[PDB]
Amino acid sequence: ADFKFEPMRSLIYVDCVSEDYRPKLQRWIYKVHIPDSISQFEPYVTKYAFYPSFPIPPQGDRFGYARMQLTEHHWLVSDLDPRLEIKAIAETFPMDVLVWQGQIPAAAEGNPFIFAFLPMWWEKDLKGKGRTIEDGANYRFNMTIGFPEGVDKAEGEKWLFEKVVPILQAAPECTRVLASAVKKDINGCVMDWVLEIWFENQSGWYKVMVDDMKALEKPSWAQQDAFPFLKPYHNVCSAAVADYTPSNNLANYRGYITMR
């Protein structure tokens, strides 16, 4: 049977729940996970990249801040096609990785693995159209949200656009707003939206995403007292990243060369 041409960009929000885990998690990612991954999908993934998160900002924990990285893939086919379950070589994946990323708690309950599929192009351009790289360095705050069980999706959308987006648009500190609807049909991801919101720096982020958002009234479905009113790491995940990453893995990886 045929395989469908299904170009998509996916994002995984990778946390590191303790600094003591960082060397181990980082080693697994770069030493073990990259080659396993390329080995499997080189023929049908056109880009595979890691975007290390900037230092967690103040109150970033309330946004499900990924303290390790964003993992980004560009697919030509759906990885959730059941035919793609068969692999000559399976990935080397210690259960410890789940501890390091917080999927399993210190045994807190655990945090889910958030793997959001999107179209390759942003669906909505809500602020900053025409911005070039010449305009300067961006503090790029990528955030995914999923409305809690039994909140009507259209009602969540209405909240987002009526209440939240206008505050982003109004803030001179915010230079760019982009959004896409999560493709729910692919893997049953709980998230509904991915937004990217750019600032000049952490202080700008905080002014807008913490101080300006104090004006919002608390929705009836709120799972925390303040914006984003969603349960950290379960219904909201995020990372602040730079414009550039050296970890463009299909082009740039040359093995796990160690420092002398």
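Each residue number is its position in the shown sequence, starting from 1.
Task: Deposited residues lacking coordinates between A107 and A108 (none, 1 to 3, 4 to 9, 10 or more) - done: According to the record, 10 or more deposited residues lack coordinates from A107 to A108.
Open item on the list: Comparing average C-alpha B factors as deposited, tell me which of 45-53 and 220-228 sits higher.
Closed with: Between 220-228 and 45-53, it is 220-228 that shows the higher mean C-alpha B-factor.
TODO: Can you let me know which of the two, 108-116 or 88-96, has the higher average C-alpha B-factor in the entry?
DONE: Of 88-96 and 108-116, the stretch with the higher C-alpha B-factor average is 108-116.
- [ ] Grab the CA temperature factor for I29 from the record and place it in the lowest, middle or highest third of its chain.
- [x] Lowest third - that is where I29 ends up once the chain's C-alpha B-factors are sorted.
TODO: Taking the values exactly as deposited, rank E72 by C-alpha B-factor within its chain and report the matching third: lowest, middle or highest.
DONE: It falls in the bottom third of the chain.
Task: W198 CA temperature factor, ranked by third within the chain - done: Lowest third of the chain for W198's C-alpha B-factor.
Open item on the list: Sorting by Cα B-factor within the chain, modelled residues only, which third would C174 end up in: lowest, middle or highest?
Closed with: For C174, the deposited C-alpha B-factor lands in the middle third.
Task: Chain third (lowest, middle, highest) by recorded CA B-factor, residue given as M213 - done: Highest third.
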